[PDB]
Every structure is written in C-alpha cells, then in structure tokens.
Number of protein chains: 2
Amino acid sequence: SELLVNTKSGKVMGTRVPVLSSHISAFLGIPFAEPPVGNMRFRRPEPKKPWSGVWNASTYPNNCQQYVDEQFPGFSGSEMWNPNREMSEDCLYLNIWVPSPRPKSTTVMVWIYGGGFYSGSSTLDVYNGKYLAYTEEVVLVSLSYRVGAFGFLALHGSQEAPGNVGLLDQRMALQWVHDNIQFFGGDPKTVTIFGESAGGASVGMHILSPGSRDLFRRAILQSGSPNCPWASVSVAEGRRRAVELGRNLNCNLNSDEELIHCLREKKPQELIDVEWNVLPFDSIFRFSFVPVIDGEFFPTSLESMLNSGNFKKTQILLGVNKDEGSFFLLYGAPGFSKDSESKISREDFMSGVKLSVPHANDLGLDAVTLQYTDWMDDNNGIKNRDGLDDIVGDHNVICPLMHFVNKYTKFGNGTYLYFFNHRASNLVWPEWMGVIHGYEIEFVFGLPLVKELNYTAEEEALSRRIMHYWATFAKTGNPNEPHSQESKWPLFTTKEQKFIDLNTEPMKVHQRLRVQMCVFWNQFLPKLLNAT
Amino acid sequence: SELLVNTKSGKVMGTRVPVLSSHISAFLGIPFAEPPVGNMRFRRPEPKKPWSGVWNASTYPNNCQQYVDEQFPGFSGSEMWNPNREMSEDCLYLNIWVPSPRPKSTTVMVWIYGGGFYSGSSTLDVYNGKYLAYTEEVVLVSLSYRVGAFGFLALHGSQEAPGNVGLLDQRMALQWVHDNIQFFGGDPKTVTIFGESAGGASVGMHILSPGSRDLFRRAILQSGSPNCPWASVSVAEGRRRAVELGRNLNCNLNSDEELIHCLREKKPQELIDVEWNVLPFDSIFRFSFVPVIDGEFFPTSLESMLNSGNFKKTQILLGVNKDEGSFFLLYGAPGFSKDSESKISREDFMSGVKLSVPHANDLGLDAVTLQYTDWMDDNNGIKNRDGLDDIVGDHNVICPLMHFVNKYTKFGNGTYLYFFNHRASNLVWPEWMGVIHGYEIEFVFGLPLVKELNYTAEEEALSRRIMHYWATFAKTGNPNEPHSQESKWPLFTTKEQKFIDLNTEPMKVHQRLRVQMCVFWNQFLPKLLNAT
C-alpha cells in the first residue's frame, strides 16, 4: 500500500489528502525522539526506540509547550500563529508530505519553523506542505523542536541542562530524515533545510555547527541569520537567566542540581508564566531563552567562525522582507496601535530607539537617532514612525543578515539574495505595518493557489514563481531553470553584490542591499560602543 | 575745501577720485595708532599723537608685515589677495571714501578684511570702497590691523605680549571712527561693521567683547563667526606656540622676558619664515597665531557667553558661500590640482578627512567618513571630491556660523541669513572649486558695475541688489526697502529659520540651512570626542 511505509524505526501508516483537486500522501506525527518529559526535561533528546506494529500517522501531533499570544483575541492576524493543537511536553514529531505516485528518489525539503525560539508549531495552516509538495513534486518534511525554557535553559558545565537542546532536537529530526527519507521516495543526499526568523537563524546555525554540517546539502534562510543580536547569548547570560527564572518560582538556588530539580517539578505553564521576567533590559525584539555559545554546538564565537571559513561550504539562498520591524513595535513600543495610523511624536520616537537598542549607552542612542532622523522635518509623525520601523528591522534582521551573506559568500559555492517587498492584498493588519515579518511564507507554501483564500491573480503568479525558485534551487543549487527564457536571478558575488526584488512586477536586479545602514550597524556602532 | 578735513587728531588732505564716470573724495592712509615698531612689537597699540599741519591722505598706506602666497606665481586668482604695497611694521592706518558733495550725517560702514588672521591688506583692489560709497551714498571706512605673530603672539600674564593686540588694533580704528567720522559727514551713531572670513570672525568678536560693544550699531558677518574652530586658542596653546616659535629661531627660553626680547630683535621676515612650524597637527584650515580666550577681551569662554546672552544685542545680517572649503583642499590636501578635475580616490579621501578634523580620534574620523560617504558609490571620484569639499566647509564655516546665528537670534533684535551660491562667469579657478571662499566680496564692493572687468548683465544686477541690501541694512537694520514691490528677504526666527539664496535667479526662501550636518558637527561629534 502507498500509505504504508517501513522505516528503520518501525512501520508507519499515512493518509491520503486532497490538494488543488488531486491527491498526495501525508504521514503526520511520526516520532523521532523519546518524549522529553519528567526527568528528561531540559536534557538532550534521546533517539526514539523502535516500535512494533504500524504507527498511525494520519493526524497532526501535539504542539510544544509554549507562550501563547493573547494581545488580540479572535484576530486571525495573530492567531494564525498560535498553536492549533493541544500543547504538551511530548512534542518531538515530524510531518512528511509525499507526492503520488510515490517518487523513487526525489528532492527533499526540510522546514524549520520560526517564532523567536519561544514559540512555533509545525502544524499551523500556513505551514501545510501539501501545496508545495504537490506543485513542485518534492518530499516536504516539517519538524518540530522544543522552545522557550524547555528547549533553551542553559546551565553550562552541567549535563542536566547543557543548553541548545532545542537545536539538538532539530538535528535529531535531520538525522532521521537522513536515515529514512529514502523509504518515502526522498533522496537523502539532496535535502535542503529552510527556515524563517528563528528558523532562519537555526538553519544558519547548522551550517556553522560541526555536528550538523553533514546532514543536509543546501540551505535557505528567510528573514533570519545566526549572528542576529537576539538569536544567542553567552553562557554567563544564559546562566544569569536560568537562575533568575528559578528565583521567580522561589526555587532553592544553592546549586545547579538544586535549581534544575526544582524547575523539573514545576508544571509547564508555571515556567511560561514568568519566562519574560528574566530579560536584562526593557526591550523590543529580544527573547528570554535562546541558543548559547557553549563551545560544543558552537566551537568558538560566531564572528570568528564566519571569519575563518569554519562552516559548511555549499549554496544558499536567502533574503529579507521590506518591513521586518513593524510587528514588534506594534506589540511593545509606545505610540503604535493596530487601529490607528500610529504617527509617532519626538518623545515616543526616542522612547522607541531606547527600546530597540537596549545595550547602547547615551552616546550610542544618539548615534542611532542622528542616523535615522530627517532634521528638515523632525516632527513629521509619519517619518518618525517609518524611521522607527527601519531601525528595528535593520538592527535585528537586515543588517545582520547582510553581514552573514557577505562573510559567507567569501567561502561559499553560490549565493542568491532576494528582497520581498509585496504586501498581500488580503492582509488583515494595518497599512502602516507594510510588508510584515513572516508574511512571505504564505507564498512559499503556495496558499495563493487556493481560490477561497482570496488572493489576486498576480499574487498566485508570484507564488508559483517563488515555489519554482525554492524548489529548483533545492534540486540544483540554482533557482534558475537551465535553458529558460525567463529573467535570470543573478548570482551574488563579493564584487557586484547583486540581488533581486520579489513582487508582482517585472524582475529588477539591484546592488548593495541597504549598505548605508548596514555599515552603521555592522561597523561603526559596534566600534563606538566598544570604545565608550 | 571739500578735500580738507579737520579731525580731533589734526588736519587731513584727501584726494578726488573718479568712479563710474563721476567723482568722490578719498582720504587714504589716515593714521589711528602710533607705529608699533621696536619695543612696541607684540604690545598693545597706543593712540596716535596729534599732528600739526596737513596730513597727506592721497595715497594708500603700507601693508602689515605678512606671509605671502607664492603657490601660483603670476596667477591673478591668488595674487589679487597678496599685499599690493610695501610691507612694513608701521601698518596701522585707515581709508575713508566720502560721497560728493560731502554728506551732513550719513550712514557709516567699516570694513574689516579677512585672511586667517595671518594676512590681509585694506588696499587690495577688491576692497575699493569708492564703488559702494558712490552707489549707495554711504561713508565707507576700511581699517587695518596687525596679523600673524605680530598681532596675535600670546604669552598670557605678561604685559609685553598679552595677546589679541590685533583685535585691539581694530577697536582702535573703531574708536577713531567713533570720535571723528562726524567731520567726514558720517553719523557715528550709525556705523555698521562688516567683515569676511577672519574679518567675519572679528566682527563677531566685537559683539562678544564688552570693550567694543558700544562702538558700533549693527554688524554683517560673511563666511565667518567667532566660534569657528580656527579663530581662537586657549592661553595654554597660545603659550605653547609662542615658545615653539622662539625655539625655531633659537631664542633663550628661560622666561617670557627672555623670549619676548629675543623675538623683538628679529627681522620681520624671520618670524614669518618659521611661523607655520608651530601648528600642533598636520592640518588644513588652521593658523598659527590667532585670537586667544584670555579673560579680558573675552570675559569667559565663547560658548558660555553665547548661552548667557552676554553680548551686544542688535540686528545682524550674515551668511556663507556654497563651497567654502575647496580653497584649502587645493593648497593642502593630496589629490587636488588647479589644473585637473581633481577626482579623489578612497585613500586620498580619508587622508583628507584626517587633515580636516585634526583633533579627532580614530573613532571620530570614522564618524565623519560614515557621515560623508555614499556607500552605494564609494569609489566615485567626483563624489569623494565634493564630499571632502563639504567636510571642510561645514566643519570650518557653515556649521559653526549656524550655531552662532541660532544662539544669537534667541537674544538679538533681528537676524537676516543668506546663502551665496553664484559662481562669477569670469572666475579663473577651476570649476570643481565652485562658489569659492571670499568671492562674494566682489559683488559687495560692486566690481561688476565696471564693464572692463567683464561681468554679465545679470551679475551687475546681482551686485546692485546686494549693495542695496547691505546698505539699506546698515542704515535701517532691515535689508528691505520700506514699501518696495520687490521680494522680501524674510527675517530669521528661532522657530521658522528662514533664509534666502543670493544669485541671479528669482529670490527663493528656504529653511534650516544644512541642518543634517550642522547637528552632526555641533551636537554629536563634539559629544563623541568628549566621551572618548
């Protein structure tokens, strides 16, 4: 039977699903690690023990225990990101969408969801692999990993909560795809991992980490890179937050064993209730528990790894959205509202700059303000709003990703950069937010192809273009069709630094994606803060 | 006789001179102080002792002993600024151009030449007061003062070379105009002093100094203000340079008397031969001997005086030229040539930035470079050239003058700002230099009215407009004609900050003259250098 597959872990029974008036197979909720419950909390994942009989993989698995957004109850715009399944510490499962008839050895794509390392589910609607699997004829795998304290608590030196266990979770899923995807029709020697936000940072981290390099062929990073200011902490800050977390739940703090044991007796929702209290600064776009440079997963510091060429050399395709920042200002900066044009005054502008660059002294806060203020029109509410929006995106996503793409390209074997700047016609968020963080995803998974979702004809056209780029790239290491007549997505080179825009208009190539600001955030500011 | 005038110092015999096919009186070389020779060198000026008989004031006086430019022998462009008379330490004289018939009580204008405080003569061709006196019917006075070591050597605490004796020279001339201009037809209660470059800085200094405030009614400052980074030094740096000067001439340095006496035995040309060796840094737009904040001429520091409203409150009219910097880059920065387009490379650009902001640490040099570099086109030779040109002008003339006009306007009784951006059609300097430092002067003195000089019809029209503005302002405190139909030069206010352009095109009002950069040079950079 086409829905029955025999893996090295046991037999699995999938289900047939309809897609764009046709069908494909779907094996949902296949386990890849032992349930990290009880004494296993905070600990590294262990391989799932083989099973007898047939595992029923016809329904989605549970979602990792996480923080849930309730800023806008009912609002689809924010709930489409919340977990749509029972939350449980028994979360480590993966989903596979296989074409029909089953391929013999086709290209594999493994998706890693984003969410600031504190949230995310593989089961959201926007992450439905069937449209992409079907349309491009690829095996689509979607894994899951532990988030928040559960996946990133870090008491270095201890084997009870080493840290990065959330990344080990992902590696585990990748190890399984490597050892079994062949039985699903996939070709293990041609697996592309691709992510978004924290998932984009995760992809970049497997490229840097020696232990994961041999488990994939290529990579796609969307709106996120490993060296982002929010994606990692030092073991010292990791330890500082581990303790403070324990201090909020009134736990014995005399020793790591003391602390860890107390944290293991707490109900999942109790760690999550106080999780946001450990941040060192009043900030925006920063998260409590994230990866930590431990000396294991990451040999040395990220910057020295990027400078020494110490990382997997292959091809990569990455890019960013036009307005990456707006989403975080809405939720945390004074002045912004989902229901108003949110024009910002001088006072609120500067409050925002303080919240965006939390680690900067008064001199730095001034450098940022001077760099983002048009003194001929300083009290223009629309300019202060869009200026603040730019600061958050540049410092947190764009300028960091450009530093990565530039350091990488010097040792890589091919780079392709994009700039997604198209606002979907059916977006429910206000206009001032623009091309929002994470909304390019729907085009990657092809939601525009399903009529009922209400997308324009050109938006469906854009979705197919992108799906063919990602898929053609996953297969060949080049997003372009061999002998096509269409426009060629030029290659990014240290010299030219070309890139293309991604929207419903005739392709246009450009150069030096936001150089003016990227030099400020990557060269000047760092230097200034270090001298002062 | 109309050419004979009896002053409080003695009788003076002037001469009749032709102007624009007509005539006026001219009393040239009237003395106002005792010859500062011998033991009087470096010392404060003493009033000229009355004389019997008639002083012959029909020919120009000598020029102060100064450094002479020989960078371009023969070139009119640079020689029209060199002394056109025998140089001598016996230099303190003034020139008066009086209308015919002699006025009973008309408006007076006293001109103070510029020259970096190290050069300048009142007898240059471009400073011929007859055209202006004639055309606007005003008494035009032109004084002279000691420059270089001779007028600014400063060994604070000693009465042999107190410092600022060059400014005392100017004050002396003003005291005489105040006590005698009435006998020439002038009205002493309506004297406007106006200068350019070092002279613009001098005008601003009489506005700040308690001792000179009561000697004039209004003021005009062109391309220069008292708080310019090159216009003054601390008593410590003044003392440091005084000594080093003495060290170059092998003088006994055991005591001030020791030093001063040795310097008084040296021929004038020997101090000038080594004068440029005392500058503390390899620099551009900086001069050896300049005014010094001594606590006498200047009660306290300039910045605190400007903040406390401690200065003469009246009306002022000031402005700058579009390309104030080019002239100094030509003479001192690597890459520029009088005969080439002078396109600058990245290396020479940065060499230039080092030469322009000599007092900045490596962090500052980077802030300046980042602020003046278009990273989308970093190797554009024309952009690096014009960028360097902007740095020199902004930091040395424009941003400092805007700081003055803003601090002043808060306590003044009327401010009028202009921006001269017209390049004369007969300029002999290369095009890349643009609207050069000091070339607005020719329009102020009306050289365009004399055909033989080869100016366009619109340039002569511009010259008359400016001459009427300066003159109408000197008389009324407003450059505008009471009930005119012409365009009104709006008033500058703390709120609006309006200003006008000055060229052969229909007047256009603007706002915030170069705010973006003025904030960098007046607020951020200062602060950065202080914290680091």
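- The record names X-ray crystallography as the way this model was obtained, at a resolution of 2.80 Å.

1. Some points on the overall build of chain A
- Helix and strand content of chain A: 16 helices and 16 strands.
- Whereas a compact globule of 532 residues would reach a radius of gyration of roughly 24 Å, chain A reaches 23 Å, a difference of no more than 12%.
- Structurally, chain A occupies a C-alpha span of about 70 × 65 × 50 Å along its principal axes.

2. Details of helix α15 (residues 457-476) of chain A
All names here are of chain A.
- With 20 residues, α15 extends 28 Å from end C-alpha to end C-alpha; this agrees with the ideal 28 Å at 1.5 Å per step.
- Buried residues of α15: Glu-459, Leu-462, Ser-463, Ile-466, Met-467, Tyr-469, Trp-470, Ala-471, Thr-472, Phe-473 and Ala-474, and no others.
- Immediately beyond the C-terminal end of α15, within one or two residues, lies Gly-477, with a positive phi of roughly 90 degrees.

3. Notes on the relation of the copies chain B and chain A
- At an RMSD of 0.0 Å, chain B and chain A line up after a rotation of 180 degrees and a shift of 0.0 Å along the axis. Look at the turn and shift together and you get a two-fold axis relating the two. In terms of C-alpha distance to the rotation axis, chain B has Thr-532 of chain B as its closest residue, with the C-alpha 3.0 Å off the axis.
- Most of the interface of chain B is mirrored in chain A, where 100% of its interface residues are also at the interface.

4. Overview of the sheet that holds strand β1 (residues 4-6) of chain B
Residues and elements named next belong to chain B.
- Taking strand neighbours across the sheet as the criterion, the three strands line up as β1-β2-β5 in an open arrangement whose pairing is mixed. This sheet does not close on itself; its edge strands, each paired only once, are β1 and β5 (54-56). Strand after strand, the sheet turns through a mean of 25 degrees between neighbouring axes, direction not considered.

5. Structural notes on the pairing of strand β15 (residues 498-502) of chain B
Residue and element names in this part refer to chain B.
- The buried fraction of β15 is high, at four of five residues.
- Strand direction decides the pairing type here: strand β14 (residues 415-420) and β15, joined by three bridges, are parallel. Across the sheet, residue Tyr-418 finds its bridge partner in β15, namely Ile-500.
- Relative to strand β16 (residues 509-511), β15 runs antiparallel, the two being bridged by three bridges. Counterpart to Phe-499 in the pairing with β16 is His-510.
- Hairpin geometry of β15 and β16 is characterised by an intervening segment of six residues between the two adjacent antiparallel strands.

6. As for the sheet that holds strand β1 (residues 4-6) of chain A
Residues and elements named next belong to chain A.
- On the basis of which strands lie adjacent, the open sheet formed by three strands has the order β1-β2-β5 and mixed pairing. Of all the strands in the sheet, just β1 and β5 (54-56) have a single pairing partner and so form its edges. Recorded for the sheet is a direction-independent mean angle of 25 degrees between the axes of neighbouring strands.
- Relative to β5, strand β2 (residues 11-13) runs parallel, the two sharing three bridges. Bridge pairing links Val-12 to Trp-55 in β5.

7. Overview of the interface of chain B and chain A
- Across the contact, 21 residues belong to chain B and 21 residues belong to chain A.
- Carbon and sulfur atoms make up 66% of the area that chain B and chain A hide from each other, which totals about 1800 Å².
- Considering only the side of chain B, the residues that lose the most area to chain A are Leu-370, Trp-375 and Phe-524 of chain B, jointly responsible for 30% of the buried surface there.
- For the pair chain B and chain A, the interface holds four salt bridges.
- Broken down by secondary-structure element, the contributors of at least two residues to the side of chain B that touches chain A are α12 (362-371) and α16 (515-531) of chain B.
- Ranked by residues supplied to the side of chain B that touches chain A, first place goes to α16 of chain B with eight residues.
- Tallied by class, residues from the side of chain B that touches chain A come to eleven nonpolar, four polar and six charged.

8. Some words on the pattern of salt bridges
- Going through the model one piece at a time under the given rule, you end up with 46 salt bridges over all chains.
- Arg-512 of chain A is the partner of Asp-378 of chain B in a salt bridge, and the nearest nitrogen-oxygen pair spans 2.8 Å. With one member in each of two chains, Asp-378 of chain B in the loop between α12 and α13 (381-409) and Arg-512 of chain A in the loop between β16 (509-511) and α16 (515-531) form a pair that bridges those chains.
- When its relative accessible area of 14% is taken as the criterion, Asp-378 of chain B is described as buried.
- Three or more residues are tied together by salt bridges with common partners; here these are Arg-43, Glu-160 and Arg-264 of chain A.

Rules of the game
- Per the conventions used, each chain is numbered from 1 along its written sequence, independently of whether this matches the entry, and residues without coordinates are not displayed.
- Key to labels: chains lettered from A, ligands numbered from 1, both in the order written.
- Computation of side-chain values covers all heavy atoms of the structure but excludes hydrogens and water.
- Residues with missing side-chain atoms are left out of burial classes, side-chain pairs and their counts.
- We count a stretch as a helix when DSSP gives it H or I for four or more residues in a row; a strand needs E for two or more, and each element gets its number in order from the N terminus.
- This radius of gyration counts C-alpha atoms alone. The globule rule is 2.2 Å times how many residues there are, raised to the power 0.38.
- Expected helix span is taken as 1.5 Å per residue step, with the number of steps being one fewer than the number of residues.
- Burial classes: relative accessible area under 20% of the type maximum marks a residue as buried, over 50% as exposed, and values in between as partly exposed (1.4 Å probe, protein chains only).
- All copies sit on top of one another after a least-squares fit of their C-alpha atoms.
- Contacts were defined at the residue level, with two residues in contact if any of their heavy atoms lie within 4.5 Å.
- In this scheme, strands are said to pair when DSSP sees at least two bridges between them.
- Comment: axis = line fitted to C-alpha atoms, over the contacting stretch for helices; angle = value between 0 and 180 degrees taken between N-to-C directions.
- Values labelled buried area give the accessible surface lost by two parts on being combined, using a 1.4 Å probe and summing over both.
- In the sections that follow, a salt bridge refers to a side-chain nitrogen of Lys or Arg positioned within 4 Å of a carboxyl oxygen of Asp or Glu.
- Residue polarity is assigned by list, with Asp, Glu, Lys and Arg as charged and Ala, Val, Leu, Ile, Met, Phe, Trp, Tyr, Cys and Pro as nonpolar; anything else, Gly included, falls into the polar class.

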